[PDB]
Amino acid sequence: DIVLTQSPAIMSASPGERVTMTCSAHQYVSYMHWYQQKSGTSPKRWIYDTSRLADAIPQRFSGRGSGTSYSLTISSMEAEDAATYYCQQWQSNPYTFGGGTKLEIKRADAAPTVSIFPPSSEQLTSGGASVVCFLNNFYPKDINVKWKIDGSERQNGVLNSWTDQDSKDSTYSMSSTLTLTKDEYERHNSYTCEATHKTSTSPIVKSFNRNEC
Amino acid sequence: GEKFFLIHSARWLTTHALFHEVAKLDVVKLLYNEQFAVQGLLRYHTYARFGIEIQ
Amino acid sequence: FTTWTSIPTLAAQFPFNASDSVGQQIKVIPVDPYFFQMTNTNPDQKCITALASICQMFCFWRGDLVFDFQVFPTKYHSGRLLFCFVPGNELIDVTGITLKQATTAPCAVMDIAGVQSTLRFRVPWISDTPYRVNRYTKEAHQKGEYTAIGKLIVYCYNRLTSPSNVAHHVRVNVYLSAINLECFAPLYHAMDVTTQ
Amino acid sequence: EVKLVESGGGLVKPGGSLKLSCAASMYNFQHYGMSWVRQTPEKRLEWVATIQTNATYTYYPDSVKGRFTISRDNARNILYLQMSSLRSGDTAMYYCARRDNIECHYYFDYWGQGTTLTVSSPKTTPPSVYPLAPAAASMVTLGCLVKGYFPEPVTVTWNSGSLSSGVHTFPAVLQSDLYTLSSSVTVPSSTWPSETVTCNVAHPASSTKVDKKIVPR
């Protein structure tokens with residue numbers, strides 16, 4: 001029936017600043033309830049009716065707004081909020097939730113650990129191959145991955161797996177799998193993946209050869 | 001009609017600075033509500049005169 | 001037989017944590033003299049109340065029950081509770097009644113601090129029938145025969161504000177007493193623990 | 001402490017039937033309304049069912065009204081969510097919730113660990129994990145490629161957790177009716193290829209443990 005709208009979709013913020021997210025709706029709802037979906041676990045007691053925090057979380061959070069806009073005021077960002085948020089109504093029948101607010105931690109920019117690997121020899125006997133380009137320890141998250149394959153550029157057959165932000169080093173990781181057929185694999189020699197960073201002007205070229213070894 | 005209705009409840013914190021507006025509540029409009037006992041006297045009537053007792 | 005009735009006897013036990021939301025239902029009391037939930041491991045005995053032994057030897061019961069809720073706080077544990085009796089029978093969806101919806105029913109509030117700690121809640125005789133049969137003697141539900149004249153939710157009316165050098169929770173004993181109590185149509189029945 | 005243990009889920013063909021069960025722990029049962037919250041991996045969330053303490057009242061939304069059946073029991077204190085006529089719209093993670101009361105509205109306090117029900121009709125297939133090795137540095141990030149499994153629960157283990165400092169296990173990517181993930185482990189150069197570097201992948205729905213040792217090229 002009624003649909004909740006969250007304006008911050010994906011946000012990353014440095015620890016020690018003010019963060020405000022907003023869940024709105026097409027009509028007027030009275031009170032709005034929040035949750036935090038951490039990785040591997042379920043959401044717990046997070047926020048009830050308007051400004052009513054949980055009794056086990058720290059009190060550096062706040063929640064305001066009435067009618068259409070509903071602000072969740074964070075006083076000081078810390079390193080424990082790398083998760084996904086949802087907003088809850090209690091008016092009419094479906095009891096819908098928000099689209100999802102993923103708040104993360106902003107870090108200084110770092111180059112990705114790029115390691116493009118050949119497929120295994122047991123995979124080549126099955127009639128197929130998959131060139132996988134590892135990506136590790138990079139910020140920002142949104143990064144451009146392409147396949148410069150003997151001068152031509154093909155972005156098809158690309159398996160991209162995304163990670164959440166780690167709790168120890170606060171980084172990100174990514175895979176890039178180039179699934180091919182065996183005779184399609186055995187047409188080329190150079191296998192190039194590169195990643196576009198905002199610090200390095202040109203993308204870092206890491207490649208190998210098929211006929212090598 | 002003479003029975004106390006919980007029309008509002010809040011939770012005042014430490015982070016609320018001086019003269020911050022914690023609650024902005026309407027008196028009679030929250031009294032005119034279906035989940036209370038005076039709805040059986042105010043739905044079948046239109047014009048009224050009354051005195052307000054806040055606790 | 002009024003000796004074992006008017007004296008308040010412990011019928012139930014519930015704490016009051018400080019980590020609960022305002023209006024969360026703590027424990028309902030099915031309002032009858034048949035109610036008890038305590039037991040003992042040394043000796044192995046199901047703890048009856050002294051009122052639950054008098055009325056269990058009858059079919060019908062009638063009387064203005066006086067619940068006595070003795071909290072055990074410090075002087076500084078502050079906040080309030082809500083003892084909202086909702087009449088009728090033993091089975092209605094009273095858990096779906098909201099806190100402000102429970103302000104429509106008659107009730108009472110009690111500050112946890114103060115100079116006293118026990119509230120005597122005189123339950124009115126609100127029933128469709130002038131008595132109430134021992135349906136626990138029977139083994140079947142039927143519209144017309146019932147066990148209780150209503151239920152009594154303990155709400156979280158206010159939060160428990162306390163420092164850290166005192167406890168975070170206050171336990172509440174549920175004494176069972178009455179006034180103007182009448183029973184008739186004798187029988188023999190051993191009551192079972194209401195497992196809430 | 002609230003211990004809500006779900007039970008059920010797995011591989012059910014669309015149109016089939018499966019019953020869930022969430023057990024309560026350490027708290028009273030005749031007060032706290034129980035619910036179910038569906039956790040889809042992409043979007044969400046949709047709220048499905050609730051029966052209250054007395055079994056007279058059920059509250060369903062527009063979608064799942066009449067197809068799902070939630071039940072409660074005062075003896076075992078365990079839920080019973082009977083599901084029928086399933087499809088790809090219910091292929092998600094299932095949590096059981098507990099609904100208590102506030103002044104104007106309600107709130108769900110404590111949720112469970114959640115079980116996985118995948119609603120599609122292929123057969124159960126064990127995975128065929130393939131190693132990934134370079135064809136000369138101080139920090140050589142190795143890894144294995146996991147592919148060949150339809151049921152979602154799978155676990156990659158790196159030499160019984162001995163190389164757990166640099167494990168980056170990736171989520172699965174569905175392609176050609178096979179979920180495909182990988183795990184990039186950070187192995188020092190003094191260990192590989194001089195010692196044992198082997199990825200263990202255990203798939204509990206198929207109960208197959210395949211060890212794949214990373215070899216130099």
# chains A, B, ... in the order shown; residues from 1 in each chain; ligands from 1
$ interface_residues --of "chain B" --to "chain A" --cutoff "10 Å" --atoms "only C-alpha atoms" --output "list in words"
residues 10, 11, 12, 13, 14, 15 and 22 of chain B
$ residues_around --residues "region 41-45 of chain D" --least-positions-apart "2" --cutoff "12 Å" --atoms "only C-alpha atoms" --output "PyMOL selection string"
(chain A and resi 3-4+9+35+37+39+84-88+94-101) or (chain D and resi 36-39+47-48+89-95+116+118+152+171-173)
$ write_last_selection --atoms "N, CA and C atoms" --output "CSV table (one decimal), in the first residue's frame"
chain,number,residue,atom,x,y,z
A,3,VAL,N,4.6,3.1,0.7
A,3,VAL,CA,6.0,2.8,0.4
A,3,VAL,C,6.9,3.8,1.1
A,4,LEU,N,7.9,3.3,1.9
A,4,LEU,CA,8.8,4.1,2.5
A,4,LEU,C,10.0,4.4,1.6
A,9,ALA,N,21.1,6.3,0.1
A,9,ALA,CA,21.3,4.9,-0.3
A,9,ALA,C,22.6,4.3,0.2
A,35,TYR,N,16.6,-0.1,12.5
A,35,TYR,CA,17.4,-1.3,12.8
A,35,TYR,C,18.8,-1.2,12.1
A,37,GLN,N,21.5,-3.9,10.3
A,37,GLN,CA,21.8,-5.3,9.9
A,37,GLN,C,23.3,-5.4,9.7
A,39,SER,N,26.9,-7.6,9.3
A,39,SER,CA,27.2,-8.8,8.4
A,39,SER,C,27.3,-10.0,9.2
A,84,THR,N,24.0,-2.1,7.6
A,84,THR,CA,22.9,-1.7,6.8
A,84,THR,C,21.7,-1.3,7.7
A,85,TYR,N,21.0,-0.2,7.3
A,85,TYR,CA,19.9,0.3,8.2
A,85,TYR,C,18.6,0.2,7.4
A,86,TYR,N,17.5,0.1,8.2
A,86,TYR,CA,16.1,0.0,7.7
A,86,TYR,C,15.2,0.8,8.6
A,87,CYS,N,14.1,1.3,8.0
A,87,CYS,CA,13.2,2.2,8.7
A,87,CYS,C,11.8,1.5,8.7
A,88,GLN,N,11.1,1.6,9.8
A,88,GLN,CA,9.9,0.8,10.0
A,88,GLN,C,8.7,1.7,10.3
A,94,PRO,N,0.6,-3.8,5.0
A,94,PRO,CA,1.8,-4.5,4.7
A,94,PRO,C,3.0,-4.3,5.7
A,95,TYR,N,3.0,-3.2,6.4
A,95,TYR,CA,4.0,-2.9,7.4
A,95,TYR,C,5.4,-2.9,6.7
A,96,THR,N,5.5,-2.0,5.7
A,96,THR,CA,6.7,-2.0,4.8
A,96,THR,C,7.9,-1.5,5.5
A,97,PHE,N,9.1,-1.8,5.0
A,97,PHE,CA,10.4,-1.3,5.5
A,97,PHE,C,11.0,-0.4,4.4
A,98,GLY,N,12.1,0.2,4.8
A,98,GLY,CA,12.8,1.1,3.8
A,98,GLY,C,13.7,0.3,2.9
A,99,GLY,N,14.1,1.0,1.8
A,99,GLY,CA,15.0,0.4,0.8
A,99,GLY,C,16.3,-0.1,1.3
A,100,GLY,N,16.9,0.5,2.3
A,100,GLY,CA,18.1,0.1,2.8
A,100,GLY,C,19.2,1.2,2.8
A,101,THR,N,19.7,1.5,4.0
A,101,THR,CA,20.7,2.6,4.1
A,101,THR,C,22.0,1.9,4.6
D,36,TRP,N,7.5,-13.3,11.6
D,36,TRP,CA,8.5,-13.8,10.7
D,36,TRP,C,8.8,-12.6,9.8
D,37,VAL,N,10.1,-12.4,9.6
D,37,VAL,CA,10.7,-11.3,8.7
D,37,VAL,C,11.5,-12.0,7.6
D,38,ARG,N,11.2,-11.7,6.4
D,38,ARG,CA,11.9,-12.3,5.2
D,38,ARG,C,13.0,-11.4,4.8
D,39,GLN,N,14.2,-12.0,4.6
D,39,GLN,CA,15.4,-11.2,4.3
D,39,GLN,C,15.9,-11.6,2.9
D,47,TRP,N,7.1,-8.3,5.2
D,47,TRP,CA,6.6,-8.9,6.5
D,47,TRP,C,5.4,-9.8,6.2
D,48,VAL,N,5.5,-11.0,6.7
D,48,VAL,CA,4.6,-12.0,6.2
D,48,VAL,C,3.5,-12.4,7.2
D,89,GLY,N,9.6,-15.7,-5.5
D,89,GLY,CA,9.4,-14.6,-4.6
D,89,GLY,C,9.6,-14.8,-3.1
D,90,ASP,N,9.9,-16.0,-2.7
D,90,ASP,CA,10.2,-16.4,-1.3
D,90,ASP,C,11.5,-17.0,-1.1
D,91,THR,N,12.4,-17.0,-2.1
D,91,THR,CA,13.8,-17.5,-2.1
D,91,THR,C,14.6,-16.5,-1.3
D,92,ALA,N,14.7,-16.7,0.0
D,92,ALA,CA,15.4,-15.7,0.8
D,92,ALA,C,15.7,-16.3,2.2
D,93,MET,N,16.3,-15.4,3.0
D,93,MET,CA,16.6,-15.7,4.4
D,93,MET,C,15.4,-15.5,5.3
D,94,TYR,N,15.1,-16.4,6.2
D,94,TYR,CA,13.9,-16.3,7.1
D,94,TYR,C,14.3,-16.1,8.5
D,95,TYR,N,13.9,-15.0,9.1
D,95,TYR,CA,14.1,-14.7,10.6
D,95,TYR,C,12.7,-14.8,11.3
D,116,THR,N,18.1,-20.6,5.9
D,116,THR,CA,18.0,-20.3,4.4
D,116,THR,C,17.1,-21.3,3.7
D,118,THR,N,15.9,-21.9,-0.2
D,118,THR,CA,16.1,-21.6,-1.6
D,118,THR,C,15.0,-22.4,-2.3
D,152,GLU,N,22.8,-22.9,-1.3
D,152,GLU,CA,23.6,-21.7,-0.8
D,152,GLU,C,24.6,-22.0,0.3
D,171,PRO,N,31.2,-13.3,-1.6
D,171,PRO,CA,29.8,-13.9,-1.8
D,171,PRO,C,29.7,-14.6,-3.2
D,172,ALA,N,28.6,-15.4,-3.3
D,172,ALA,CA,28.4,-16.2,-4.4
D,172,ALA,C,27.7,-15.4,-5.6
D,173,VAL,N,28.1,-15.7,-6.8
D,173,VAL,CA,27.5,-15.1,-8.0
D,173,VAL,C,26.8,-16.3,-8.8
$ closest_residue --among "A:103, A:190, A:93, A:18" --to "residue 36 (chain A)" --atoms "only C-alpha atoms"
A:103
$ residues_around --residues "residue 150 (chain A)" --least-positions-apart "3" --cutoff "8 Å" --atoms "only C-alpha atoms" --output "number ranges by chain"
A: 188-191
$ atom_distance --atom1 "CA of residue 58 (chain A)" --atom2 "CA of residue 101 (chain D)"
22.8 Å
$ interface_residues --of "chain B" --to "chain D" --cutoff "9 Å" --atoms "only C-alpha atoms" --output "list in words"
residues 6, 8 and 9 of chain B
$ residues_around --residues "residue 54 (chain B)" --least-positions-apart "2" --cutoff "12 Å" --atoms "only C-alpha atoms" --output "ChimeraX atom specification"
/B:2-8,26-28,31,51-52
$ write_last_selection --atoms "N, CA, C and O atoms" --output "CSV table (one decimal), in the first residue's frame"
chain,number,residue,atom,x,y,z
B,2,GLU,N,-14.1,12.4,32.7
B,2,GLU,CA,-13.1,12.8,33.8
B,2,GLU,C,-12.3,11.5,34.1
B,2,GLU,O,-12.5,10.9,35.1
B,3,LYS,N,-11.4,11.2,33.2
B,3,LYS,CA,-10.4,10.2,33.4
B,3,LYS,C,-9.2,10.5,32.6
B,3,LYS,O,-9.3,10.8,31.4
B,4,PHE,N,-8.0,10.3,33.2
B,4,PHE,CA,-6.7,10.8,32.6
B,4,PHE,C,-6.3,9.9,31.4
B,4,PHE,O,-6.3,8.7,31.5
B,5,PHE,N,-6.1,10.6,30.3
B,5,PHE,CA,-5.7,9.9,29.1
B,5,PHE,C,-4.2,10.2,28.8
B,5,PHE,O,-3.8,11.4,28.7
B,6,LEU,N,-3.4,9.2,28.6
B,6,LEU,CA,-2.0,9.4,28.3
B,6,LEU,C,-1.9,9.8,26.8
B,6,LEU,O,-2.0,9.0,25.9
B,7,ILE,N,-1.8,11.1,26.6
B,7,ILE,CA,-1.9,11.7,25.3
B,7,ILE,C,-0.5,11.8,24.7
B,7,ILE,O,-0.3,11.8,23.5
B,8,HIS,N,0.6,11.8,25.5
B,8,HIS,CA,1.9,11.9,25.1
B,8,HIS,C,2.9,11.4,26.1
B,8,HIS,O,2.6,11.4,27.3
B,26,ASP,N,-0.2,18.6,20.8
B,26,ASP,CA,-1.5,19.3,20.7
B,26,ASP,C,-2.4,18.6,21.8
B,26,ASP,O,-2.4,17.4,22.0
B,27,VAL,N,-3.2,19.4,22.5
B,27,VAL,CA,-3.9,18.9,23.6
B,27,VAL,C,-5.2,18.2,23.2
B,27,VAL,O,-5.4,17.0,23.5
B,28,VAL,N,-6.2,19.0,22.6
B,28,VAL,CA,-7.5,18.4,22.4
B,28,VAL,C,-7.5,17.5,21.2
B,28,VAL,O,-8.3,16.5,21.2
B,31,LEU,N,-6.6,14.2,22.4
B,31,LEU,CA,-7.8,13.7,23.2
B,31,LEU,C,-8.8,13.1,22.3
B,31,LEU,O,-9.4,12.1,22.6
B,51,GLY,N,-13.2,22.0,30.0
B,51,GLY,CA,-12.0,22.5,30.6
B,51,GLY,C,-11.0,21.4,30.6
B,51,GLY,O,-11.3,20.2,30.7
B,52,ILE,N,-9.7,21.8,30.5
B,52,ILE,CA,-8.6,20.9,30.3
B,52,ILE,C,-7.8,20.7,31.6
B,52,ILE,O,-7.4,21.7,32.2
$ closest_atom_pairs --of "chain C" --to "chain A" --cutoff "10 Å" --atoms "only C-alpha atoms" --output "CSV"
residue,atom,partner,partner_atom,distance
C:18,CA,A:55,CA,8.4
C:19,CA,A:55,CA,5.4
C:20,CA,A:55,CA,7.6
C:21,CA,A:48,CA,8.4
C:22,CA,A:52,CA,9.8
$ write_last_selection --atoms "N, CA and C atoms" --output "compact mmCIF listing (two decimals), in the first residue's frame"
# COMPACT_ATOMS: atom_id res chain seq x y z
N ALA C 18 15.42 -2.34 34.03
CA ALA C 18 15.52 -0.98 33.53
C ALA C 18 15.72 -0.92 32.02
N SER C 19 15.95 -2.07 31.38
CA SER C 19 16.25 -2.14 29.95
C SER C 19 15.02 -2.45 29.12
N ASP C 20 13.85 -1.98 29.54
CA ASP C 20 12.60 -2.26 28.85
C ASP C 20 11.96 -0.98 28.34
N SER C 21 11.21 -1.11 27.25
CA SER C 21 10.51 0.02 26.66
C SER C 21 9.28 0.38 27.48
N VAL C 22 8.86 1.64 27.37
CA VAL C 22 7.69 2.12 28.10
C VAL C 22 6.43 1.54 27.46
$ atom_distance --atom1 "CA of residue 37 (chain B)" --atom2 "CA of residue 78 (chain C)"
29.2 Å
$ interface_residues --of "chain A" --to "chain D" --cutoff "8 Å" --atoms "only C-alpha atoms" --output "MDAnalysis selection string"
chainID A and resid 31 33 41:45 48:49 90 93:100 115:120 122:123 134 159:163 173:175 208 212:213
$ write_last_selection --atoms "N, CA, C and O atoms" --output "compact mmCIF listing (two decimals), in the first residue's frame"
# COMPACT_ATOMS: atom_id res chain seq x y z
N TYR A 31 5.16 7.44 13.82
CA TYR A 31 6.44 7.11 14.44
C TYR A 31 7.23 6.18 13.52
O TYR A 31 6.66 5.39 12.77
N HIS A 33 10.66 3.47 13.24
CA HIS A 33 11.53 2.55 13.96
C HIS A 33 12.68 2.11 13.08
O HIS A 33 12.50 1.86 11.89
N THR A 41 25.04 -11.43 11.05
CA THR A 41 24.05 -11.52 12.12
C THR A 41 22.74 -10.86 11.70
O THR A 41 22.58 -10.45 10.54
N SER A 42 21.80 -10.76 12.63
CA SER A 42 20.49 -10.16 12.42
C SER A 42 20.40 -8.80 13.10
O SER A 42 21.18 -8.50 14.01
N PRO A 43 19.48 -7.94 12.67
CA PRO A 43 19.21 -6.71 13.42
C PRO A 43 18.62 -6.98 14.79
O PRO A 43 17.86 -7.93 14.99
N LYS A 44 18.99 -6.13 15.74
CA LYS A 44 18.61 -6.22 17.14
C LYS A 44 17.82 -4.97 17.51
O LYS A 44 17.41 -4.20 16.64
N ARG A 45 17.59 -4.79 18.81
CA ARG A 45 17.02 -3.56 19.35
C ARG A 45 17.92 -2.38 19.00
O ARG A 45 19.06 -2.31 19.46
N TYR A 48 13.54 2.80 18.92
CA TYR A 48 12.08 2.82 18.91
C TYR A 48 11.57 4.26 18.98
O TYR A 48 12.36 5.20 18.81
N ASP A 49 10.29 4.45 19.27
CA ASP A 49 9.37 5.32 18.51
C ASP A 49 9.85 6.58 17.76
O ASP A 49 9.71 6.63 16.54
N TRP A 90 4.29 1.58 11.36
CA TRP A 90 3.27 0.73 11.96
C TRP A 90 1.85 1.08 11.54
O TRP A 90 0.90 0.55 12.11
N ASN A 93 -1.67 -2.02 6.40
CA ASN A 93 -1.49 -3.48 6.48
C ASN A 93 -0.14 -4.10 6.10
O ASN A 93 0.29 -4.99 6.85
N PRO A 94 0.56 -3.76 4.99
CA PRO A 94 1.80 -4.51 4.67
C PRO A 94 2.96 -4.32 5.66
O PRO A 94 3.82 -5.21 5.72
N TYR A 95 2.98 -3.23 6.44
CA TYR A 95 4.05 -2.89 7.40
C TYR A 95 5.42 -2.85 6.72
O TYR A 95 6.37 -3.53 7.14
N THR A 96 5.52 -2.04 5.67
CA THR A 96 6.69 -2.05 4.80
C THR A 96 7.92 -1.45 5.49
O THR A 96 7.81 -0.70 6.47
N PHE A 97 9.09 -1.81 4.98
CA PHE A 97 10.36 -1.30 5.45
C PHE A 97 10.98 -0.39 4.40
O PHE A 97 10.47 -0.26 3.28
N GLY A 98 12.09 0.24 4.76
CA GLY A 98 12.81 1.08 3.82
C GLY A 98 13.66 0.28 2.85
O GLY A 98 13.89 -0.91 3.01
N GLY A 99 14.14 0.98 1.83
CA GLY A 99 14.95 0.36 0.80
C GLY A 99 16.33 -0.09 1.25
O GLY A 99 16.91 -0.98 0.62
N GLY A 100 16.85 0.49 2.33
CA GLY A 100 18.14 0.10 2.85
C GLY A 100 19.18 1.20 2.82
O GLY A 100 19.48 1.75 1.75
N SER A 115 45.83 -8.99 -8.85
CA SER A 115 46.49 -10.26 -9.14
C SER A 115 45.59 -11.04 -10.09
O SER A 115 44.61 -11.66 -9.67
N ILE A 116 45.93 -11.00 -11.38
CA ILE A 116 45.21 -11.73 -12.41
C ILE A 116 45.85 -13.10 -12.57
O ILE A 116 47.07 -13.22 -12.69
N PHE A 117 45.02 -14.15 -12.50
CA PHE A 117 45.50 -15.52 -12.44
C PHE A 117 45.02 -16.32 -13.64
O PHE A 117 43.91 -16.09 -14.15
N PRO A 118 45.82 -17.27 -14.11
CA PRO A 118 45.34 -18.21 -15.12
C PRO A 118 44.40 -19.22 -14.49
O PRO A 118 44.41 -19.42 -13.27
N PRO A 119 43.55 -19.86 -15.29
CA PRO A 119 42.77 -20.99 -14.78
C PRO A 119 43.65 -22.20 -14.53
O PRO A 119 44.77 -22.31 -15.04
N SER A 120 43.13 -23.12 -13.72
CA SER A 120 43.88 -24.33 -13.40
C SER A 120 43.90 -25.29 -14.59
O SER A 120 43.10 -25.18 -15.53
N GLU A 122 43.24 -28.48 -14.43
CA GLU A 122 42.09 -29.37 -14.37
C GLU A 122 40.84 -28.72 -14.93
O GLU A 122 39.93 -29.41 -15.40
N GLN A 123 40.77 -27.38 -14.89
CA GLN A 123 39.63 -26.68 -15.49
C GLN A 123 39.70 -26.71 -17.01
O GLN A 123 38.67 -26.80 -17.68
N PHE A 134 41.96 -10.74 -9.30
CA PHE A 134 41.76 -10.37 -7.90
C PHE A 134 41.91 -8.87 -7.71
O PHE A 134 42.70 -8.21 -8.39
N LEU A 159 32.17 -11.60 -13.91
CA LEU A 159 31.56 -11.92 -12.62
C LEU A 159 32.18 -11.01 -11.56
O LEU A 159 33.37 -11.13 -11.25
N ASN A 160 31.37 -10.11 -11.01
CA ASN A 160 31.83 -9.12 -10.04
C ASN A 160 31.21 -9.44 -8.68
O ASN A 160 29.98 -9.38 -8.53
N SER A 161 32.05 -9.76 -7.71
CA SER A 161 31.61 -10.05 -6.35
C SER A 161 32.10 -8.95 -5.42
O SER A 161 33.29 -8.63 -5.43
N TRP A 162 31.19 -8.39 -4.64
CA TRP A 162 31.49 -7.25 -3.78
C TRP A 162 31.58 -7.67 -2.32
O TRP A 162 30.89 -8.59 -1.87
N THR A 163 32.44 -6.98 -1.58
CA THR A 163 32.59 -7.21 -0.15
C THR A 163 32.09 -6.01 0.64
O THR A 163 32.03 -4.88 0.14
N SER A 173 37.24 -5.34 -1.17
CA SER A 173 37.81 -6.33 -2.08
C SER A 173 36.80 -6.64 -3.18
O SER A 173 35.61 -6.35 -3.06
N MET A 174 37.30 -7.24 -4.26
CA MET A 174 36.50 -7.46 -5.46
C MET A 174 37.13 -8.57 -6.29
O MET A 174 38.35 -8.73 -6.31
N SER A 175 36.27 -9.34 -6.97
CA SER A 175 36.71 -10.31 -7.96
C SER A 175 36.24 -9.88 -9.34
O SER A 175 35.30 -9.10 -9.48
N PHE A 208 49.33 -11.15 -17.87
CA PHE A 208 50.21 -12.29 -18.11
C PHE A 208 49.98 -12.78 -19.53
O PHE A 208 49.27 -12.15 -20.32
N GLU A 212 52.72 -18.51 -21.92
CA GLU A 212 53.76 -18.55 -20.91
C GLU A 212 53.56 -19.75 -19.98
O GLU A 212 52.45 -20.00 -19.50
N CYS A 213 54.65 -20.48 -19.75
CA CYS A 213 54.71 -21.71 -18.94
C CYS A 213 53.70 -22.77 -19.39
O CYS A 213 53.99 -23.56 -20.29
$ atom_distance --atom1 "CA of residue 121 (chain D)" --atom2 "CA of residue 181 (chain A)"
26.3 Å
$ interface_residues --of "chain C" --to "chain B" --cutoff "10 Å" --atoms "only C-alpha atoms" --output "ChimeraX atom specification"
/C:22,97-106,157-159
$ select_by_dssp --residues "region 17-140 of chain C" --states "strand (DSSP E or B)" --output "NGL selection string"
:C and (17 or 25-30 or 39-41 or 44-46 or 58-71 or 78 or 80-87 or 108-111 or 118-122)
$ residues_around --residues "residue 148 (chain A)" --least-positions-apart "5" --cutoff "12 Å" --atoms "only C-alpha atoms" --output "PyMOL selection string"
chain A and resi 153-156+178+188-195+203+205-208
$ write_last_selection --atoms "C-alpha atoms" --output "short mmCIF file (atom, residue, chain, number, x, y, z; two decimals), in the first residue's frame"
data_model
loop_
_atom_site.label_atom_id
_atom_site.label_comp_id
_atom_site.auth_asym_id
_atom_site.auth_seq_id
_atom_site.Cartn_x
_atom_site.Cartn_y
_atom_site.Cartn_z
CA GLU A 153 37.81 -4.32 -25.02
CA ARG A 154 35.11 -6.82 -24.00
CA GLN A 155 33.12 -6.24 -20.81
CA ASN A 156 30.88 -9.30 -21.24
CA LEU A 178 36.36 -13.75 -17.29
CA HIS A 188 44.33 -14.91 -27.30
CA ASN A 189 47.71 -14.45 -25.66
CA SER A 190 47.55 -11.27 -23.56
CA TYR A 191 45.09 -11.17 -20.64
CA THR A 192 44.84 -7.66 -19.17
CA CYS A 193 42.69 -6.33 -16.33
CA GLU A 194 43.12 -2.78 -15.03
CA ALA A 195 41.49 -0.74 -12.26
CA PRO A 203 44.83 2.55 -14.51
CA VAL A 205 47.99 -2.59 -15.89
CA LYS A 206 48.58 -6.13 -14.61
CA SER A 207 48.70 -8.92 -17.19
CA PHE A 208 50.21 -12.29 -18.11
#
$ residues_around --residues "residue 144 (chain C)" --least-positions-apart "3" --cutoff "10 Å" --atoms "only C-alpha atoms" --output "ChimeraX atom specification"
/C:89,128-129,132-133,141
$ residues_around --residues "residue 126 (chain D)" --least-positions-apart "6" --cutoff "7 Å" --atoms "only C-alpha atoms" --output "ChimeraX atom specification"
/D:148-149,203,206,208
$ select_by_dssp --residues "chain B" --states "alpha helix (DSSP H)" --output "ChimeraX atom specification"
/B:27-31,39-42
$ write_last_selection --atoms "N, CA and C atoms" --output "PDB file, in the first residue's frame"
ATOM      1  N   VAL B  27      -3.232  19.433  22.473  1.00  0.00           N
ATOM      2  CA  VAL B  27      -3.949  18.940  23.644  1.00  0.00           C
ATOM      3  C   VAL B  27      -5.232  18.232  23.233  1.00  0.00           C
ATOM      4  N   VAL B  28      -6.155  18.965  22.610  1.00  0.00           N
ATOM      5  CA  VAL B  28      -7.498  18.440  22.395  1.00  0.00           C
ATOM      6  C   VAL B  28      -7.516  17.468  21.220  1.00  0.00           C
ATOM      7  N   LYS B  29      -6.640  17.682  20.235  1.00  0.00           N
ATOM      8  CA  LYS B  29      -6.602  16.820  19.055  1.00  0.00           C
ATOM      9  C   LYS B  29      -6.115  15.417  19.400  1.00  0.00           C
ATOM     10  N   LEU B  30      -5.177  15.300  20.342  1.00  0.00           N
ATOM     11  CA  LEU B  30      -4.781  13.982  20.823  1.00  0.00           C
ATOM     12  C   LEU B  30      -5.816  13.376  21.760  1.00  0.00           C
ATOM     13  N   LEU B  31      -6.643  14.203  22.401  1.00  0.00           N
ATOM     14  CA  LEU B  31      -7.768  13.684  23.171  1.00  0.00           C
ATOM     15  C   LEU B  31      -8.845  13.113  22.257  1.00  0.00           C
ATOM     16  N   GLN B  39     -13.861   8.965  22.749  1.00  0.00           N
ATOM     17  CA  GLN B  39     -14.287   8.887  21.358  1.00  0.00           C
ATOM     18  C   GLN B  39     -15.762   8.513  21.255  1.00  0.00           C
ATOM     19  N   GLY B  40     -16.262   7.734  22.214  1.00  0.00           N
ATOM     20  CA  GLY B  40     -17.678   7.414  22.276  1.00  0.00           C
ATOM     21  C   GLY B  40     -18.575   8.580  22.647  1.00  0.00           C
ATOM     22  N   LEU B  41     -18.001   9.698  23.093  1.00  0.00           N
ATOM     23  CA  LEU B  41     -18.762  10.899  23.398  1.00  0.00           C
ATOM     24  C   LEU B  41     -18.504  12.034  22.417  1.00  0.00           C
ATOM     25  N   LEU B  42     -17.396  11.985  21.674  1.00  0.00           N
ATOM     26  CA  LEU B  42     -17.031  13.050  20.750  1.00  0.00           C
ATOM     27  C   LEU B  42     -17.289  12.706  19.289  1.00  0.00           C
TER      28      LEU B  42
END
$ closest_residue --among "D:178, D:7, D:20, D:29" --to "chain C" --atoms "only C-alpha atoms"
D:29
